[PDB]
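Here is the structure we will look at.
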Amino acid sequence: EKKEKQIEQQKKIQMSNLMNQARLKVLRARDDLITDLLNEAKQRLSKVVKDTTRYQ
Amino acid sequence: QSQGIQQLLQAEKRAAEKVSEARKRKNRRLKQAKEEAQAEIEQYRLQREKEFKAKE
(Lines give C-alpha, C1' and ligand atoms only; values in the text may rest on other atoms or scores of the structure.)
Protein backbone atom coordinates (compact mmCIF):
# COMPACT_ATOMS: atom_id res chain seq x y z
CA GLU A 1 0.00 0.00 0.00
CA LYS A 2 2.99 2.38 0.59
CA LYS A 3 4.79 1.20 -2.62
CA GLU A 4 1.58 1.60 -4.69
CA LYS A 5 1.45 5.23 -3.32
CA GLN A 6 5.16 6.07 -4.06
CA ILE A 7 4.71 5.59 -7.88
CA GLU A 8 4.23 9.35 -8.66
CA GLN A 9 7.44 10.40 -6.83
CA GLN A 10 9.30 7.29 -8.11
CA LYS A 11 8.98 8.42 -11.78
CA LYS A 12 9.16 12.21 -11.17
CA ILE A 13 12.61 11.54 -9.58
CA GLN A 14 13.77 10.39 -13.05
CA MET A 15 12.21 13.45 -14.75
CA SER A 16 14.02 15.95 -12.45
CA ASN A 17 17.31 14.03 -12.95
CA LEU A 18 16.85 13.97 -16.78
CA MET A 19 15.95 17.70 -16.94
CA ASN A 20 19.00 18.62 -14.80
CA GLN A 21 21.30 16.40 -16.96
CA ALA A 22 19.94 18.08 -20.13
CA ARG A 23 20.66 21.49 -18.48
CA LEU A 24 24.27 20.38 -17.67
CA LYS A 25 24.76 19.83 -21.44
CA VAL A 26 23.35 23.33 -22.12
CA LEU A 27 25.66 24.93 -19.49
CA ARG A 28 28.77 23.24 -21.04
CA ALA A 29 27.71 24.56 -24.47
CA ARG A 30 27.21 28.11 -23.07
CA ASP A 31 30.66 28.02 -21.40
CA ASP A 32 32.35 27.06 -24.70
CA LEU A 33 30.54 29.93 -26.49
CA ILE A 34 31.93 32.35 -23.87
CA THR A 35 35.36 30.72 -24.26
CA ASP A 36 35.30 31.38 -28.02
CA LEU A 37 34.23 35.00 -27.40
CA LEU A 38 37.46 35.41 -25.37
CA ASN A 39 39.43 33.56 -28.12
CA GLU A 40 38.11 36.04 -30.75
CA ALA A 41 38.85 38.99 -28.43
CA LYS A 42 42.46 37.73 -28.04
CA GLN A 43 42.89 37.39 -31.85
CA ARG A 44 41.44 40.90 -32.55
CA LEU A 45 43.76 42.32 -29.84
CA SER A 46 46.80 40.85 -31.71
CA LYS A 47 45.87 43.10 -34.72
CA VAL A 48 46.00 46.19 -32.43
CA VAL A 49 49.62 45.14 -31.64
CA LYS A 50 50.47 44.74 -35.39
CA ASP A 51 49.15 48.28 -36.13
CA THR A 52 52.28 50.07 -34.77
CA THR A 53 50.59 53.53 -34.70
CA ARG A 54 47.75 52.26 -32.43
CA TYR A 55 50.21 50.10 -30.49
CA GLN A 56 52.36 53.17 -29.62
CA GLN B 1 -1.96 -64.54 40.08
CA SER B 2 1.16 -62.35 39.25
CA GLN B 3 0.73 -62.62 35.41
CA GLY B 4 -2.26 -60.18 35.57
CA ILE B 5 0.06 -57.55 37.12
CA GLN B 6 2.48 -58.12 34.19
CA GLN B 7 -0.55 -57.56 31.92
CA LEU B 8 -1.01 -54.21 33.79
CA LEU B 9 2.65 -53.37 32.94
CA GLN B 10 1.79 -54.25 29.30
CA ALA B 11 -1.34 -52.01 29.52
CA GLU B 12 0.85 -49.22 31.04
CA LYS B 13 3.35 -49.73 28.17
CA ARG B 14 0.49 -49.55 25.59
CA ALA B 15 -0.80 -46.40 27.38
CA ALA B 16 2.68 -44.79 27.27
CA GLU B 17 2.91 -45.79 23.56
CA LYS B 18 -0.60 -44.36 22.75
CA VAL B 19 0.28 -41.13 24.61
CA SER B 20 3.69 -40.94 22.83
CA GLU B 21 2.10 -41.46 19.37
CA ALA B 22 -0.57 -38.80 20.04
CA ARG B 23 2.15 -36.39 21.34
CA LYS B 24 4.31 -37.09 18.22
CA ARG B 25 1.24 -36.48 15.96
CA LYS B 26 0.69 -33.15 17.82
CA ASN B 27 4.39 -32.16 17.50
CA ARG B 28 4.30 -32.81 13.70
CA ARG B 29 0.80 -31.25 13.23
CA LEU B 30 1.91 -28.05 15.04
CA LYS B 31 4.93 -27.77 12.63
CA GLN B 32 2.66 -28.40 9.57
CA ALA B 33 0.79 -25.18 10.56
CA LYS B 34 4.02 -23.15 9.98
CA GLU B 35 4.74 -24.88 6.65
CA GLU B 36 1.21 -24.28 5.23
CA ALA B 37 1.09 -20.69 6.56
CA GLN B 38 4.39 -19.88 4.74
CA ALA B 39 3.00 -21.22 1.41
CA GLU B 40 -0.21 -19.12 1.75
CA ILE B 41 1.80 -16.01 2.79
CA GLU B 42 3.98 -16.35 -0.35
CA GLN B 43 0.86 -16.86 -2.54
CA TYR B 44 -0.46 -13.50 -1.25
CA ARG B 45 2.96 -11.74 -1.48
CA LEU B 46 3.24 -12.77 -5.14
CA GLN B 47 -0.35 -11.54 -5.75
CA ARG B 48 0.32 -8.01 -4.32
CA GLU B 49 3.67 -8.01 -6.19
CA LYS B 50 1.75 -8.73 -9.47
CA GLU B 51 -0.92 -6.08 -8.69
CA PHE B 52 1.80 -3.49 -7.88
CA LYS B 53 3.76 -4.41 -11.06
CA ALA B 54 0.52 -3.99 -13.07
CA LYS B 55 -0.20 -0.58 -11.37
CA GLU B 56 3.37 0.63 -12.07
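Chain labels follow the order of the C-alpha coordinates: the first chain is A, the next B, and so on; residue numbering restarts at 1 in every chain, and ligands are counted from 1 in their shown order.
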Do you know which residues are at most 9 Å from residue 4 (chain A) counting only C-alpha atoms, after dropping those on the same chain fewer than 2 positions away, and could you put them as number ranges by chain? A: 1-2, 6-7; B: 52, 55-56
Could you dump the residues just selected with N, CA and C atoms as a short mmCIF file (atom, residue, chain, number, x, y, z; two decimals), in the first residue's frame?
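Output file again.cif is given in full below:
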data_model
loop_
_atom_site.label_atom_id
_atom_site.label_comp_id
_atom_site.auth_asym_id
_atom_site.auth_seq_id
_atom_site.Cartn_x
_atom_site.Cartn_y
_atom_site.Cartn_z
N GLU A 1 0.82 -1.22 0.00
CA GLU A 1 0.00 0.00 0.00
C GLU A 1 0.86 1.28 0.00
N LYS A 2 2.00 1.29 0.70
CA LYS A 2 2.99 2.38 0.59
C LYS A 2 3.66 2.40 -0.78
N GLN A 6 3.91 5.42 -3.65
CA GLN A 6 5.16 6.07 -4.06
C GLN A 6 5.29 6.32 -5.57
N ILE A 7 4.48 5.67 -6.42
CA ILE A 7 4.71 5.59 -7.88
C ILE A 7 4.88 6.97 -8.55
N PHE B 52 0.92 -4.66 -7.90
CA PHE B 52 1.80 -3.49 -7.88
C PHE B 52 2.55 -3.33 -9.20
N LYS B 55 0.05 -2.00 -11.67
CA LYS B 55 -0.20 -0.58 -11.37
C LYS B 55 0.94 0.32 -11.86
N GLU B 56 2.18 -0.07 -11.59
CA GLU B 56 3.37 0.63 -12.07
C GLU B 56 3.44 0.65 -13.61
#
Calculate how many Å separate CA of residue 20 (chain A) from CA of residue 33 (chain A), rounding to one decimal. 19.9 Å
